[PDB]
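Letters are used for the chains, namely A, B, C, D and E, taken in the order the chains are written, and counting of residues starts over at 1 for each.
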Amino acid sequence: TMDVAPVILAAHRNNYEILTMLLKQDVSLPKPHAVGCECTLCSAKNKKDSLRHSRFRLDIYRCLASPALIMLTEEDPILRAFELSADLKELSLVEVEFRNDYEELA
Amino acid sequence: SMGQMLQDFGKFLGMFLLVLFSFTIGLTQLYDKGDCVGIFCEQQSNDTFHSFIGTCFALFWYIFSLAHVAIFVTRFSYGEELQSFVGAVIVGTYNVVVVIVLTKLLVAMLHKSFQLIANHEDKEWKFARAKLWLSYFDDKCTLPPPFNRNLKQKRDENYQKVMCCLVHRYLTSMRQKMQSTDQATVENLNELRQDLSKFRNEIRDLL
Amino acid sequence: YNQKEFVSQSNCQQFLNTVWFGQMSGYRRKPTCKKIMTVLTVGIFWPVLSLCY
Amino acid sequence: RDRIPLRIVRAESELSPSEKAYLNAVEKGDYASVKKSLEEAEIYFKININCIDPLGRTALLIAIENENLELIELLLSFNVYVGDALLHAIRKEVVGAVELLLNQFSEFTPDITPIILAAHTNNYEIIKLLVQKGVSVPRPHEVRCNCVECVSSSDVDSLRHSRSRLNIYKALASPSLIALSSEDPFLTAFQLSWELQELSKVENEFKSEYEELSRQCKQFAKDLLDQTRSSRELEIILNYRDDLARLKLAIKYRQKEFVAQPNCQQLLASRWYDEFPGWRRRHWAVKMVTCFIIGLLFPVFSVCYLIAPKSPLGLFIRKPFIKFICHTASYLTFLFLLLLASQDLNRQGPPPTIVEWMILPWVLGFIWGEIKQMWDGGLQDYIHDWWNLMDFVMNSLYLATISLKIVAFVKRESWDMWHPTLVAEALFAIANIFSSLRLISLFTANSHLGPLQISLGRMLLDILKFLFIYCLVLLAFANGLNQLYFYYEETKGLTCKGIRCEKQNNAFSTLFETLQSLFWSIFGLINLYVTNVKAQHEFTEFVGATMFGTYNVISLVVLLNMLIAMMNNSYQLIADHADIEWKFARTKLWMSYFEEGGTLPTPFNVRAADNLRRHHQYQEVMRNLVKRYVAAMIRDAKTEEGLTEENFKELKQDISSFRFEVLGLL
Amino acid sequence: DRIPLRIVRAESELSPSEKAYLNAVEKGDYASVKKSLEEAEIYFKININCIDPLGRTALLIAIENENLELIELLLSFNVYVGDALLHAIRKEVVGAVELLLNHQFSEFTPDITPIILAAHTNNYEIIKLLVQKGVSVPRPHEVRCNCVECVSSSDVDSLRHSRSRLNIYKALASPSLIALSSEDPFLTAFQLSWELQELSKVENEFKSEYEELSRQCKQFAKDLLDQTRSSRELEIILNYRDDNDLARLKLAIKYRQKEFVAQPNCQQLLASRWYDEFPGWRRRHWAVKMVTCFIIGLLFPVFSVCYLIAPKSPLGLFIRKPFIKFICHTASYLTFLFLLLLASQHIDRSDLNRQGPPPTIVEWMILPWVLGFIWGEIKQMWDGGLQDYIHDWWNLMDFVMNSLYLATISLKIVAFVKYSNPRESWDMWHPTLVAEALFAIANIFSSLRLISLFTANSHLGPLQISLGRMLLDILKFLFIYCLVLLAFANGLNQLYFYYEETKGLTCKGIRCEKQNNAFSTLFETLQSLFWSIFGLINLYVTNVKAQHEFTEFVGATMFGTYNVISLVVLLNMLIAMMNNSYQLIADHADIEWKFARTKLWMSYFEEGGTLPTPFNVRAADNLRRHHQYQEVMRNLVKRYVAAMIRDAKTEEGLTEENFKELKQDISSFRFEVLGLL
């Protein structure tokens, strides 16, 4: 898909070597918005392309939920896993259309 | 498991309230015109269906099918045959759509549900037991009802050492399990055919 | 954070057992009859223990 | 003898030792020895080029299962007997069949042409090559065809004709042939799924194969919906028509896999909550408060769009969620009117204006709504939904109540039991029961109670199938009790006859009372003394008691628990995938409320260039879709696959051929 | 904004020469790794002990990728060996002999020695090589011991001690070690399965691993019996004793080895012993089986007196057949039940006698049989111990029934000797009435023993066994029911007991023609709420004779709420739980029935108790048996390890490691060819 960066796909295939060479190149993913963020951008992207925005959010939260990216770039992987599981459960509560995927990532 | 199971019952009683509400409306519309008063006495009589809350009371006790409400409550005191027979048919249809249909549907739903919880049963029980244990681990209230900074940096450094060790061990264990669990697919066969053909072509080119 | 798998792990549950049982870590080593009568004999004189604390 | 002698009764063909060495060297993938063997086979030798094993393994066929391109080229070079080896190359799923394309018993059916086997194997490159060579499949007849020639062919060989039709329909239902040869693969998938369903209905045998084919076609349509990646592409596909016309077609053809797509449900939820964002994000109490204040203020929005349609309050009814909220607020208002109608002493009733006069038109609006539903769909669409049948009997009872009240108007404890007032009141009560049971169909909109209602609705058929057997048992035992107990029909001194008395008597005197008593015996509401006659004949009393006992055993212990077990299995099979059924029903509700017709609730309802542009847009986007789909199934088929014995045979034979080539070189 | 990704765990990525070294190591080129080592002798950036942040070394990769010449080359060049031997044993590679004789984030527990990991991997050759070299396993302590070492290790490091105990028990319970080093692998398997069961019961943590280990030991014993191929081997296995006996079979029954006993060969031997001297009893028509069972049942006393007179007689030896002995015992019990059934009906006397004299009709014939039962239960209490008596619920019910019969006899002789008048004038606690009621309860306990007689039948023995399995889960749920019943009963009593009335009524309580004072006391409230499950309590018990409508409504609401619970929630939960329980135990019903039937068979196999219930009242031989058992069991162990290795070559499994193995092998061959040619 056109919204997928190499580091997001690298986190999708969950390989530690590809991660440990890719993050050496100073790579940062976009920050996903909140559970109910309806700002000037978030209310406009849903108007623009709802499916593209939903797939971008799912790809980002699949990239962050990989164990390799948690264990490489965070101060506390246990705390990041806890917060990410809680956030993913809340998103699966909110996002009715992709309950199985967000529940699986949690 | 029963505490997890109660939501199925919540949904089933949500449907049963609407079914009960329909018949209660039908019976108290049919029997409205026609000592002990009501249903809670020896001679149950026709006064069960006179009031709306009395009709809900009478149709509440029919679900057990154990002679809680005798069928002479459906007989008119004025002796009208057709209204009494239609009331009997209505209460029979209630005893069919419940007891015979809804209760056994509930039994099937609970059978599938208890098949579903039972695999994640020990983990849930241990989690609830640990919740109670950590509720009782505090020094906040030890009596029964009737009686009722560089150190942070050192702790963070110790935690970083322990977590670095844990990350190393989990990475090694994850790659060990990954290499010992996945099955070979046809694409790996295709790479092996490629290596064989590349051998054969290099042999032909060299010789 | 409602982590069911984190707390059901054998190591975490074992640590919780050692914290929970307190001084008498051999209570698990006791037979079931001895555990029963120990629970009973603490259940009788509980106001004495509360008052002495 | 104490030993069983063993021999080959069907000895079949036998091979020369030189022929066996030739075949074994072909199996080893040898260049030099096989080439030399065919060279001596050119001159007059024992070695025959067209050597066939009794296993049906010709050197041609062995090399096809050997996949060695050089060996198969060598064998076609000296013109071996080419029989069905093309079909063997098709089955093996090897691209080397183009070499045979460029160039006794049969393991395949005589009907099987290369395209049918290519579609069965579902390889994109092979089917592409076969259709590039130029190939037309045979035409299957219609699902209810009438051909004299096909009837005569069925009379000659019914088995071969049925196998031929099954093979043709299996070739057409292949996803690769649909994606490669059809103008509109979504329309082709829909029509083929419907044809396969009706074929499984007509052909009771071979029903599992046709059901598998139909499910495969539905899975193909769902995958082709999966490959989309833009809301623009969804709006091109679902709104295509030759308005969500394609979604209407999916609704009509019962494509629950297509309809319950997460992207399609995303579009449907966007269209249902028209300009209503953050409804799921807001609190449950907050959104129920908003629903309650929209439904409480229902007359002001419904009076609008009737006088001022272009007003913002008039355009508030345009949103389908507001339309559904207004409709259900109207229905709970109707049930509130019925409740107050439930809560004088005249032969004919004057019309009770206080609460029972505004029901008359609302029933008339209900009748007008059902007539409008009758116009939109014909007779099969109305009888297809059981809820339309329930609405039909509800309106029939209400019309009969009105007619009986009118008949009473133009014409207690004193009237005949067939007075139109009493029958009108009873019919009104049963119509009230049906009208209040109508509320359970609104649970499809809710997420918690939706799958519950749908699972109950499609297990009602199994319930009825059990109740037929219960009806037979009930009739048998009632006939027996009638024959036994009808000589003791009491006639004198009874203040109350039948089972519906304070003292039960005459329970089994007639057939109708016996049916009622045996029905009520399930719930334990018939006491044991109804089997005691006034006479002294204790043997007939005991036979009646044991007959009642055996019935009670059969109904309560045996048949009821059998119903429990059958319900267990049925609910397992239904709640395996009931979520797609629930989403299909919710989409049916939403799209029934998407129409511009019926915007008013039952209270107040009483070019070629554009077609070419749409066709080209749909075509381009679906070239993109089929490209993504074939890339996806090529990627999927390359992984999570077992190698099994054939891949090991190929991989070992390559090393064997390489070793023999190296030994020839060195 | 954007989430920054800074690598927190800093690992050195090493020199490019080290990466070329590692690439030559997995890539399989023998020439490049040798040239790299020769270059590394000058001590530039490449090091022989380079450790890759994934956690692999050149030696470790050479271990993971076989090619024993590569490990030989690296071991000749002084590569550090910290745990490469342990990774060789974990990899199940037989080339660990090179690390054996030639030359903390360790990815292993510090407890784990080579022999522990060897037994964990269950590789016969590696364990054989390690024991041949000379290696030993630390001895675990008792399951329940309060010794100083165990508690000291628990206070120092509880997790390390528990993991060490688990690893030791996982090493001892391996089939290969047991088959190689244990002198008596059958007894070792039995004792280890029992000890692991006690460890699972005591240590609630790590319970799944312990029950899996016990299941593995039972699997090992079953497979070892499945490797027999002769009757004499089975006879010398089952009759072997530590110091027709079937001592090993008794000990296996004691240790609850279900699938051991339910093996087809053991069943065949036990069925051959069960139908002793029978020319094909099973090869019979079922009608002929029924009539012949009837005629052995009828002639029970003549066989009994034939054994009492002449033990050497053919009829006196007819009872020694265990099937005929079982038939005669069932005939005695059925005659006892028929005597009680006649005692209910033959009695036609005044039934008014003050003391109830013991008649000659049924009494003095029930009395001996009762004391024969008492003597038999005393004998089974003495023989087999008290624990075996209380293990079976059937013996507990038999003891209760015998105690009730003794109480009835004592009360009857008390009424004979004291208080010896119309029947309605008797007190409610008269000794004769208490004797009557205790005889009735003993009779309903005695007539249920025929269910224990039903394990022998093939068609319904598994059914009775499955009901016996899920009766425990029934009691498990009845505890929750008891809590609900106590809650609602004492609530309803606290409501209605202010409205207690008598009014001189003929009957009080629920068991009257008209129910009254149902929720009066706690006993009556518990009785009334119990009977409401079965609908025998009418709805007119909830209203009071006064006109307090609110208390009547809330009492009816509490009664209806309890009825809703115990008739919709708890009963249907019980149905679903029973459904899942019978689904779980349907697969294990056959082996459970076979184990129970063999216990019932071997109850009658002993010499004692031959008389029925009417008449209940050396070193050279040991060395020869030891040598026969040793040679037969050595043959069994050899057959089992051959079959286990063959199954290891049979299981349909190919990981991604072996594709990488073939890829590395063919690449190494190619690079050797290109170096040569």
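Rule of thumb we're sticking to: contacts are C-beta pairs under 8 Å (C-beta built on N, C-alpha and C of every residue); 3 or more make two chains touch, one makes a residue touch a chain.
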Remotest chain, chain D as reference, centres from CA atoms: C
Centrality ranking, top chain (CA atoms only): B
Pair joined by the larger number of C-beta contacts - A-E, B-D: B-D
Centroid distance [mean C-alpha coordinates] between chain C and chain A, Å: 42
Chain C and chain E: spacing of chain centres that average the CA atoms, whole Å: 27
Rounded Å distance between chain B and chain E, as computed from the means of their C-alpha atoms: 31
Rounded Å distance, chain C centre to chain D centre (Cα mean): 56
For chain B, residues contacting two or more additional chains: 66-67, 107, 111, 167, 171, 175, 183-184, 189, 192, 196, 199, 203, 207
Set of chain D residues in contact with two or more other chains: 524, 568, 643
Chain B residues within the chain E interface of the complex: 1-2, 5-6, 9, 39-42, 44, 60-61, 63-64, 66-69, 103, 106-107, 110-111, 113-115, 118, 164-165, 167-169, 171-173, 175-176, 179-184, 188-189, 191-192, 195-196, 198-199, 202-203, 206-207
For the chain C and chain E complex, residues of the former touching the latter: 10-11, 13-15, 17-18, 25-26, 28-29, 31
Residues of chain A touching chain D in the complex: 1-2, 35-36, 38, 43, 46, 49-52, 54-55, 94, 96-98
Footprint of chain A on chain E - complex, ascending: 1-9, 11, 13, 53-54
Contacting residues of chain D [partner chain B, same complex]: 335, 338-339, 341-344, 412-413, 417-418, 422-423, 425-426, 428-430, 432-433, 436-437, 439-440, 443, 448-449, 452-453, 456, 459, 463, 496, 499-502, 516, 519-520, 522-525, 560, 563-564, 567-568, 570-572, 575, 637-643, 647, 650-651, 654-655, 658, 661-662, 665-666
